[PDB]
Structures are given as structure tokens and as C-alpha cells.
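In order of appearance the chains are A, B, C, D, E and F, and numbering begins at 1 in each one.
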Amino acid sequence: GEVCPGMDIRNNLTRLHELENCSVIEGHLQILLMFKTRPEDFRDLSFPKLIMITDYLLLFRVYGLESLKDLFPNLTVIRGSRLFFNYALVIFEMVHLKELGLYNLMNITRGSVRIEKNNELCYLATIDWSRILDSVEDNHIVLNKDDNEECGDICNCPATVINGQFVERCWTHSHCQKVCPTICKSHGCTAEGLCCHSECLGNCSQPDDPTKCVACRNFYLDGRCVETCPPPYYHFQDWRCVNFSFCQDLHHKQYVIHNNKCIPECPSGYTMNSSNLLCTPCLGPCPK
Amino acid sequence: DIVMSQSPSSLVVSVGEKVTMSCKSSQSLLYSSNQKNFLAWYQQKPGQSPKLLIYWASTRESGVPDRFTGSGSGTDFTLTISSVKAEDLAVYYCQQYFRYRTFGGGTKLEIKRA
Amino acid sequence: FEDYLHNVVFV
Amino acid sequence: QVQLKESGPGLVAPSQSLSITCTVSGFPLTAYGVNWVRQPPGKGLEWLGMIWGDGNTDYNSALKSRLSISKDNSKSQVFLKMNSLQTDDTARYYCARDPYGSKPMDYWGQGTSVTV
Amino acid sequence: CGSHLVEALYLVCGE
Amino acid sequence: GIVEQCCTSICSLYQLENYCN
């Protein structure tokens, strides 16, 4: 689709239209501090094209916003390559938010979820997070309306054993949380329950097909999900493959190469040879 | 392209036994970024087109029996067939797919009768 | 943490 | 339905060029690589070249621009074109698929015979 | 002063 | 900065005005 940069959206909602054609945000997305906004600015607004965030997602003090079901309906993976504190999703002092509605979110690789101080917010205990996050031990969901034992939560849907009882799992009144059979793992499945291809991540339009993933599990290159970037391609942003040329062009006006990865910085013990961008170990001590 | 060399040109064996043939490259084939070696083994039952067996030198392809066992790392590789069954007769080749691809000189398996 | 949050969300 | 089938002319007189069409079906050429390998009867299997998803090309250095590999992805065709052949080029030619990132060479053609 | 610092910063802005 | 400038330390106006969007 489109790959755009990590963005930081504040004050006027109008900045939000930068994302219109975007499919993957390479980096993080932060939408915050909007105090004059009203429900009606959101009841006609959507980003069905956003499928993936590489780093983290953070919503904070966005008023008038009541569900995310129309805003990011098709966001499916958050990869958490870089985290906010230790979180890959932060929902914080989101006054007005009632329900989450990320019914397409299937996996948060790496990070944890922190959803705090959201009076109004329910449909939280109706989510099985362990089907989405690797580590839920570090989840931090407190001080929401859900913690008043007094939530009008209603959903068909399936139940998991999180307590000492099974619990129906859904995002909104009209969307179930999708659960793939245990043995599909993270790879996703069709509505019937045929596992997607093993190099796919959350979902697929067709089964058994590495070009028909909705979000690559390992790395993306030339339409296909692959296990690893072959030379002459390099690991970038830890989700996609690129050639030397791409990596170089970005460096010049601070990207470098090491371990067959294209990265901002040489790691310790290494200095950057100028002829080839390749990090080399130091002759004696490293000035760096 | 680099240069690949096998041994032997051919071997012979009978039913029940384990078998190991060799290969070598002029440059190291271990990929740093994932710790896998970029080498393949293919079986070619004779007169027919070859068939994929084992990639990353240890990953078994779908539809391959567990009797087939790939080994080695760096520049030096070997392929192992544990317990021979009748039609296991084929010529086996090593392919590097690290940079470009080049195949080995190949090595033949024959079976003992009369 | 709220501490962290502020120190990082501010031009 | 992953399939490759080679269309060779079969017979070529010396000093003339070779044009083979590998017709693949069941997958998109924009997303996989395609290799060419030949074998003279009971001799070696020889890597000739490959064309990646993005149009990028690899050739055996032995082929001093004797080899040109190009593609028509909209009509699922891969073209090998090799100039001024001699009798030592008498071999069976295969194209085979290449899932580069994830696999090496899965799915082979049945092969086409070419004689000089 | 956590939450209030947020409140207080806004009154200041109108921006 | 801020959390240190205006919370541990107790702040004043300008301190905030400077930080405005």
C-alpha cells in the first residue's frame, strides 16, 4: 500500500489527513492533546487502509473520541520494535472513550498494553489479551470504568480461561474478537478456521499463500513475506528488506550497515568506514 | 560466482544402511543475520527432473521423510540418508544460494543386487 | 510513569 | 497449481542464438525469482542465471553477455536468450522457481531438450 | 501535580 | 525537564508559556 513515517498528531485534527493513503506507519503513531474536538468530527472519519504500525500506538487526551472502531478498523499488527516506556499500546486519560473496537488487532509483537485513567471505558475485560500479546504479565490496565465491576458489556463469541471461568470475548456489541485455533499460532486464519500461511502474521485474504498475508511475520520484500532478507538486500527497521542503494540515499542528509542490517548507528566496538557504510571493529580504542 | 566441489563422483550401497556424501564451497555460507547456512540439497531420481529436499542445510521440505538428514556448517557440508529404502536411488547435488547460486559436481547413489 | 509520559510528550 | 514448462525450439544450427520461453503458472512473477539450469546427458547440473521479482538480474560470469534474461510478468513468461551457440551447449534446459527470501529452488519444469 | 500539569498547560495555550 | 522543572520543582508561568504548542 503506502509506507509513511512515524507521526505525531496534536491540537488541530486537520494534521490527521497525512495518513489517508497509508498502509504501514514505519515508526510510531501518536495522537494527543486535542481539547476542542467533538464527537461529530469522528462520526464520519476513518482509516481503513492502515494495517500496521512498526513501533507503538499512543492516544492521549483526545476528546470527543468514543470508539476506535471507525478510526482504525483494519489495523492488525503492532510490532513494537521501539516501545513507549515498555508499551506498544498506550491509551491514557482518554476521556470519552467507551469501547476499544480494534476488532482487527491480532498480535502485538514484543511490547505490553497500558490503558489507564479512562473513565467511560469498558469492553476491556471482554478482550483476551493473551491472544494478542506475548507478555501480559506487564500489562497495566487500571482506573477505567471497567474497574467499577459495573460495566454494560454485551456481544456468538468464544470464551477463554483467564480466571477460574471462561469469558465471552468481543470488542463491541457488533464485533467478536477473532480467535484462531490454538495450533495456528500467530499466523491467522479464515472465518472458517483454516490456518493462513506460516510466514503470514495476523490474517490473510486467501489461505496457504505468502503473498496473500495481510501483515508479514518476518520481513517484507517484493510483495511476499519471507523468513529472511537474502543478499544483496538488507534488514531494515526490522520488518522490511531493501537494497544498498535505498540505505545509502537515506544516510546522505544517520544510516549505517552491520550484520546485514541497515541501522541509524554503529554499535559499540565499531566505527564507520566511509567508502562502504560498513561498520568495522576498531584499530585499538574507539573514538565514539 | 563461487566454486563448489563434491565427493565422491559416485557411491554404492545396499538396503538398511546409513549414507553420507560431501560438498565444499570456496567462501563461508553462514548468514549472520539469522544464523542459518545458505545451502541446499536436491535429489534427482534419474531421468526425471530434480526435487527439493533440504534448505538452510537442515530444514526439511514438506513431503520429505525424516530419513533424510542434512549437516555441516561454514564452507563444508554433508548429506545423510538414514536407513535406505528401495527407490532411494538418485544423484544428489549441493547448491549454494548465498550469492547467485551454483551447484556442485554432483554425486551418484547406486544399489547392490545379483 | 505519568512522569515519563509528560517529559516525552512536550515541544 | 505451481507449474513451470519450458518451450525450446529443440534444434539450433551453430553460430545461431537460443530463445527459450519458460511459462509459469500458479504464482506471480512480480514476487518470485526464476532460475535456469542445464544438464548435458549424465553430466553436471549447471546454474545459468536468475531474474528476481524487481527485474534485477544475476548471470554466471562464464556468460559474457551471451546471456540475456528478461520477463513478461503480465503474461507469466520468462525469457532466456543466448547468442552464437556451439556443440558443447547440447543439454537439457530447465527453469525452476525461487522463493528467494524463504526457500531455494522449489518446483522444477519437466525440462526441454536442446541440441546444436 | 501530575494530571493538573496537563490541565494547567492547556489554559496557558488556547493554541 | 518539565516534570522536573514544574513538578518536583514548583513552576511559574513563563516556565509553561515557553512550552506552548
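One rule holds for everything that comes next: a residue touches a chain if its C-beta (ideal position, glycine included) is under 8 Å from a C-beta of that chain, and two chains touch if they have at least 3 such contacts.
With contact taken as defined at the outset, chain A and chain E are each touched by C, F.
Nearest to the global CA centroid, when each chain is reduced to the mean of its CA atoms, is chain A.
Rounded to whole angstrom, the centroid-to-centroid distance between chain E and chain F, based on C-alpha atoms, equals 10 Å.
With each centre defined as the average position of its C-alpha atoms, the distance from chain A to chain F rounds to 32 Å. The distance from the centre of chain C to the centre of chain D, with each centre set as the mean of the Cα atoms, comes to 59 Å.
One simple way to say how far apart two chains are is to compare their mean CA positions; for chain A and chain D this gives 41 Å.
Each of residues 100 in chain D touches at least two other chains. Counting partner chains per residue, chain E shows two or more touched chains at residues 2-3, 5-6, 15. In chain F, 2-3, 7, 19, 21 are the positions where the chain touches two or more neighbouring chains simultaneously. Applying the touch definition to all chain combinations yields A-B, A-C, A-D, A-E, A-F, B-D, C-E, C-F, E-F. Across the interface of their complex, chain E is touched by residues 2-3, 6 of chain C. Of all the residues in chain B, the ones that touch chain D in their complex are 1, 40, 42, 44, 49-52, 55, 61, 93, 95, 97, 100-103, 105-106. On the side of chain F, the complex with chain A involves touching residues 21. Residues 10-11, 33 of chain A are the ones that touch chain F when the two sit in their complex.
Considering their complex, residues 11, 33, 35, 61, 93, 117 of chain A touch chain E.
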